[PDB]
RNA sequence: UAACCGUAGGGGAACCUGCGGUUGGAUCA
RNA sequence: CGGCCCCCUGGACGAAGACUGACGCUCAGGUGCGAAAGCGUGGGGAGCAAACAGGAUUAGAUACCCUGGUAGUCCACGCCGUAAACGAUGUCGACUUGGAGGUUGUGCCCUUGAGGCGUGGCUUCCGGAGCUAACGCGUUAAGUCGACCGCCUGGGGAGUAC
RNA sequence: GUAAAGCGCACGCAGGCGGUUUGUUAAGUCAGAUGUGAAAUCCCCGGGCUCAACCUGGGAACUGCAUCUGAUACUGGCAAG
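Residue numbers (the working numbering), protein chains in the order written: chain A, 2 to 151; chain B, 8 to 130; chain C, 22 to 239; chain D, 12 to 140; chain E, 8 to 95.
Below, the structure written as structure tokens:
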């Protein structure tokens with residue numbers, strides 16, 4: 002089953018001839034407690050209409066993390082835009098240690114024990130992907146033997 | 008910088024500036040009250056608030072805010088400064104303790120008794 | 022001394038500071054594309070296509086350019102795959118959802134002439150409806166067989182098919198493009214520094230692509 | 012380089028990888044080849060040789076598994092003006108153990124595990140993941 | 008710069024062998040000449056700075072060489088500084 | 001009266017004028 | 001830093017080469033060089049032109065415009081050290097696709113040619129990977145690295161006061 | 001680069017950094033060991049006050065300084081290149 006999660010939703014505006022219009026956005030992360038995720042971002046003139054698009058766009062264009070025992074293989078590190086995120090795996094017992102976006106993106110990827118931190122900009126739109134890119138690089142302890150075994 | 012540039016002139020601190028003349032590292036300070044004003048707030052807000060110059064025990068004079076829905080101080084009454092500045096009122100970065108020394112305390116207040124001057128109502 | 026002796030160089034001093042480690046060495050107006058830095062790319066890319074072709078995936082050859090349109094199908098259509106030799110629509114990789122809708126009226130449009138269902142309505146009407154085929158069967162006629170986003174996109178020139186590549190790196194669809202001196206290879210995950218032009222350069226490699234892909238799936 | 016010949020080795024290797032190069036070449040050195048020998052057994056590099064009995068020139072062969080390359084991480088640490096010397100109980104563990112860490116010991120050039128298995132320490136050289 | 012009948016001349020006076028235009032003993036001494044000779048030039052004009060920049064160059068460049076000798080053969084240093092009336 | 005920097009002089013006040021540099025100048029100058 | 005000529009002089013680059021043998025890179029403090037305006041003494045003074053004086057414009061016009069015009073602009077010698085002193089991008093070195101062009105050296109090619117093929121220096125424009133907040137930078141990097149130095153830590157107050 | 005930030009530019013003393021090889025040294029460095037690093041705090045395991053706070057045994061640690069015996073890859077010194 003896919004587990005969607007509404008990160009947050011801003012309004013945003015646009016001034017024009019007549020006056021000025023508005024269009025909420027919203028960001029959503031989806032995934033399963035196995036090892037797959039992928040955020041979504043859609044706009045709309047309605048609070049609900051927006052999240053509708055982001056979700057759809059979320060289910061598609063996912064990803065597959067090399068998770069191990071409900072955590073990361075090693076302390077990966079990813080960044081995007083002005084967001085600097087560093088994630089580190091922890092033994093069973095420690096819940097998901099993360100702020101906003103990160104805390105969410107992981108609570109659906111199948112992460113159970115971690116402890117990250119957003120260094121750069123706390124922008125959700127980025128810190129959400131700065132994390133995904135991290136796991137997207139997560140080198141699993143497997144294949145490595147083949148990457149240089151022969 | 009670089010290790011070398013650091014070995015010479017490392018990383019300087021920053022003398023934290025504690026916005027408070029009645030320092031002496033105290034929770035509060037005793038005063039005397041020079042007078043009772045009713046100055047007006049800034050540009051965003053209106054309505055005249057109540058204030059008063061205080062002649063702190065350490066000489067350091069300063070005007071303190073007299074919060075509460077009911078003033079009752081005199082031009083000689085002894086009050087106790089606490090802290091917590093006030094925006095609308097510039098230079099007024101203090102407040103007179105409610106229910107202490109020769110001051111009074113809000114009347115008929117039944118909510119947030121701790122703050123202001125009230126201790127267990129008419130039951 | 023092999024066939025790789027036709028795309029030596031192209032695009033004068035306009036170049037692009039990024040495309041440098043692949044320049045044999047400027048000479049006589051334009052520069053040259055170091056083929057020795059092209060040999061690995063010559064197969065490394067094809068290797069993945071050959072590997073992915075075995076997974077029974079999809080491959081879309083983008084080449085809106087005239088000198089590559091008519092001469093691209095034989096490498097894609099004939100080889101039975103995917104290609105767009107015309108104006109790459111806006112969203113045929115991201116907004117596919119609504120785009121596919123156009124494909125339908127194209128398919129059902131085809132069936133019209135198929136049977137006697139073509140001799141319907143005034144003789145003039147058929148004409149007004151047949152025009153849609155010209156456009157449809159052209160801008161989509163070579164992608165209709167794509168019942169879902171591909172798994173890898175191989176575009177000719179990385180410049181012209183700009184938008185094409187864009188949407189790709191936004192969906193997660195790998196891209197194998199044969200850039201060029203004035204090209205921006207930062208959008209290609211599998212660069213092939215070769216003459217984006219040269220009637221021969223295009224054909225050889227283009228056909229060479231379908232080659233590995235053909236038997237890619239054994 | 013003319014000041015950091017060892018730091019150059021890593022750079023030339025990583026710069027080659029990015030450009031999907033085949034083999035990297037540069038002036039040899041006792042320590043250089045010594046380092047190049049480790050990455051060999053570690054499967055990070057195909058093979059490696061040299062030319063010149065008076066004018067030696069190292070010859071390394073890059074490596075890559077699939078679409079991406081193998082050596083996708085290679086940085087230095089114990090550089091001049093900021094050298095690093097660890098003990099048998101301080102040695103680093105690149106990528107939680109997956110990646111290796113070259114370290115010169117009184118026995119010779121080794122890896123984070125190598126020297127540790129021995130029970131001795133040395134001047135760290137670089138991190139290879 | 009300097010005249011060949013002079014440059015190729017001096018070289019055969021400090022060189023520990025023949026045509027050793029490299030030898031510090033040589034090169035170094037070769038610098039003093041073009042330096043002393045220019046001092047008469049700079050005495051005039053003066054304002055000619057762009058030429059002194061090169062003058063200073065060969066001066067420091069000469070010193071960079073003297074320090075070397077001292078750090079390669081103490082003798083040769085004091086053995087050459089005299090033949091050139093250096094140190095002043 | 002393109003603006004700004006330097007420097008100089010002048011004027012109720014922004015600022016005006018001269019000399020040099022800049023593009024952080026619009027229109028095909 | 002632009003006319004032509006002579007005299008004294010510095011640096012850059014190429015090529016066969018021959019020679020020295022790490023003698024190198026950076027550099028707080030230090031020394032020196034610094035547009036223009038300005039300053040001192042003495043020269044010079046066509047044109048231009050702060051000041052200043054008329055005329056005009058305007059509600060006003062201590063301006064723009066017009067008629068004049070002094071310092072100054074020029075020379076020598078000494079001083080002042082600033083500029084959006086700008087690539088707003090420290091110096092040195094090694095790597096990393098390409099395209100078109102400019103300028104200068106050299107090797108070579110029926111050198112039969114304007115010419116054609118290389119191989120160095122410096123330099124324009126486009127641009128790939130990558131980098132970037134974006135603009136954009138892109139082998140002359142703002143990409144990947146290493147050595148040393150200068151510098152930044154919210155706006156105003158203030159590059160001001162002492 | 002444009003957000004605060006490359007000195008207007010050079011030369012250069014002190015300082016920092018230093019191409020390649022062999023020998024040598026063993027100062028840095030690494031290994032072992034001997035001192036010492038007060039006790040109490042902290043931490044681990046375990047005891048006693050009905051529990052806890054608290055009290056308490058042993059260890060761990062005290063990342064350091066010195067000395068001795070080594071090891072010689074790298075940095076440094078010396079010699080010849």
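Positions of the beta carbon are idealized from the N, C-alpha and C atoms, including for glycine.
Per DSSP, cross-strand counterpart(s) of residue i
i, result
"residue 33 of chain A", "A:37"
"residue 79 of chain A", "A:86"
"residue 93 of chain D", "D:90"
"residue 44 of chain B", "B:58"
"residue 175 of chain C", "C:82"
"residue 121 of chain D", "D:114"
"residue 9 of chain A", "A:28"
"residue 36 of chain B", "B:88"
"residue 116 of chain A", "A:98"
"residue 42 of chain A", "A:28"
"residue 65 of chain A", "A:37"
Under 7 Å from the C-beta of residue i: neighbouring residues of chain A
i, result
"residue 109 of chain D", "75, 140, 142, 145"
"residue 106 of chain D", "75, 140"
Sub-7 Å separation of residue i and residue j beta-carbons
i, j, result
"residue 137 of chain D", "residue 113 of chain D", "yes"
"residue 66 of chain C", "residue 220 of chain C", "no"
"residue 97 of chain C", "residue 237 of chain C", "no"
"residue 55 of chain C", "residue 45 of chain C", "yes"
"residue 86 of chain A", "residue 26 of chain A", "no"
"residue 130 of chain C", "residue 154 of chain C", "yes"
"residue 82 of chain C", "residue 175 of chain C", "yes"
"residue 110 of chain D", "residue 80 of chain D", "no"
"residue 36 of chain B", "residue 88 of chain B", "yes"
"residue 129 of chain B", "residue 77 of chain B", "no"
"residue 18 of chain E", "residue 35 of chain E", "no"
"residue 91 of chain A", "residue 107 of chain A", "no"
"residue 55 of chain B", "residue 64 of chain B", "no"
"residue 77 of chain A", "residue 144 of chain A", "no"
Endpoints, the beta strand (DSSP E) within which residue i is located
i, result
"residue 138 of chain D", "133-139"
"residue 69 of chain B", "68-72"
"residue 51 of chain A", "Per DSSP, residue 51 of chain A belongs to no beta strand (DSSP E); it is in the alpha helix (DSSP H), 48-60."
"residue 23 of chain A", "21-23"
"residue 16 of chain A", "14-16"
Cross-chain neighbours of residue i in chain D, by beta carbon under 7 Å
i, result
"residue 111 of chain A", "Those within 7 Å of residue 111 of chain A in chain D number zero; the least Cβ separation is about 19 Å."
"residue 65 of chain C", "31"
"residue 78 of chain A", "Per Cβ cutoff of 7 Å: no residues; residue 78 of chain A is ~10 Å from chain D at best."
"residue 118 of chain A", "Those do not exist, as residue 118 of chain A stays about 18 Å from chain D at its closest Cβ, beyond 7 Å."
"residue 148 of chain A", "76, 81"
"residue 69 of chain C", "78"
Interface partners of residue i on chain D, CB under 9 Å
i, result
"residue 171 of chain C", "Result: empty, since nearest Cβ-Cβ is about 16 Å, beyond 9 Å."
Chain C contact residues for residue i, given Cβ-Cβ distances below 7 Å
i, result
"residue 62 of chain A", "192, 193"
Where residue i meets chain D, residues with beta-carbon distance less than 8 Å
i, result
"residue 151 of chain A", "54"
"residue 40 of chain C", "Within 8 Å Cβ-Cβ: nothing; residue 40 of chain C doesn't reach chain D, min ~11 Å."
"residue 244 of chain C", "As shown, chain C starts at 22 and ends at 239. That puts residue 244 of chain C outside it, with no answer to give."
Where the alpha helix (DSSP H) through residue i begins and ends
i, result
"residue 104 of chain C", "Premise fails: residue 104 of chain C lies in the beta strand (DSSP E), 103-105, not in any alpha helix (DSSP H)."
"residue 48 of chain E", "31-50"
"residue 230 of chain C", "220-235"
"residue 65 of chain E", "59-77"
Chain-ordered neighbours of residue i on chain C, where CB pairs are closer than 9 Å
i, result
"residue 63 of chain D", "Per Cβ cutoff of 9 Å: no residues; residue 63 of chain D is ~22 Å from chain C at best."
Self-check item: Those runs of the beta strand (DSSP E) which lie wholly inside the stretch 42-95 of chain C and span at least 3 residues
Solution: 81-83
Quiz item: Residue ranges of each alpha helix (DSSP H) run of no fewer than 4 residues wholly in the stretch 58-119 of chain B, ordered along the chain?
Solution: none
Quiz prompt | Segments assigned beta strand (DSSP E), at least 3 residues, entirely inside the stretch 24-92 of chain D | solution = 34-38, 59-62, 68-72, 85-87
Exercise. At 4 residues or longer, and completely inside the stretch 118-186 of chain C: list those alpha helix (DSSP H) runs for me, N to C.
Key: 144-160
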